[PDB]
Each structure stands twice: as C-alpha cells, then as structure tokens.
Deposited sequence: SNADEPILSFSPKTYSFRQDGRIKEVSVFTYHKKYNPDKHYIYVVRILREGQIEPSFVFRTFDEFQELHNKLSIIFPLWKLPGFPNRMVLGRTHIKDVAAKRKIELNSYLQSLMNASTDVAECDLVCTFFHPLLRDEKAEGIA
C-alpha cells in the first residue's frame, strides 16, 4: 500500500532490471534548499557493465525501511541504523548489502525497485 513520497510511479524489477551490485559510492554536500548530505548509490544491473548512480538522502533511506516494515515482519528486514557523520555511508552500505541478501519477496519487491529508479535529480 505505501508509495515512496519521492517517487511518482511504482516500478517493478520486471521493467527496470535486476540488481547485480549496489553500494553507497560516496556522499555529497548540498546547499539547497538547506545544507545537507546526500548519498550517491552505485547500481549495476544484470547484463550491464557500466554502473549508474542515484542520489538519496538518509531520510529517503529511512522512509523505505519504514514503508517496508509496514509490509514485512521486522525479522525479514535488515537492521536500520539510527560531516564526520559519514559513518552513515558505511552503515547505509551495510544496509543495502543485507537487503540484497534478504528473502526474494523482500529484495525484489516493488518498493525496493522503486527506491532505485532514476528520479528527477538522477538525470546527471
């Protein structure tokens, strides 16, 4: 039932293509609308050799986990963690690796796919 506030459509790994690799590549400082960090996510689809990159804030990671935890029992989800706060890059990366190792129902659900779908910003 829940949509992702930042996402205009629902996408499925059918249309978008399955994930071979994901990581948090780096973090990036933003000034608009206010000063904040955003995470550059590296995605390699299957049958692809050149990766692509999307931008997601920490608050956008947590909306995904909160929305997943409406659909799925908590033990089906990896733990979510609660600037030199670049430990979030490391912790978000651990979260993504674990998410890919979840049951298929979780790791290939439409919420996860949609989270990785190129947005407004992600058009370089």
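Several segments of the deposited sequence have no coordinates for C-alpha: 1-4, 87-96, 139-143, numbered from the first residue.
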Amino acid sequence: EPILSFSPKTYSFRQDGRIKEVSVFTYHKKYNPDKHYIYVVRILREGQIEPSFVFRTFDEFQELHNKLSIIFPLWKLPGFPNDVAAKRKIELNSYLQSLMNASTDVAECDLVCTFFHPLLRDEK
From here on, numbers count along this sequence of modelled residues.
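In this text, the rigid core denotes the largest set of C-alpha atoms whose superposition between the two forms falls within 1.5 Å.
Using the rigid core as the fitting frame, the root mean square C-alpha deviation in 4 other deposited structures of this protein is greater for 41-49 than for the other of 86-94 and 41-49.
Relative to the displayed structure, the C-alphas of 25-33 lie farther away on average in 4 other deposited structures of this protein than those of the other candidate, with 72-80 and 25-33 compared after rigid core superposition. For the pair 110-118 and 5-13, the mean Cα B-factor is higher in 5-13. Relative to one another, 86-94 and 71-79 have unequal mean CA B-factors, and 86-94 is the one with the higher figure. The top Cα temperature factor in the record, among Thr57, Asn32, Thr26, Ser52, falls on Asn32.
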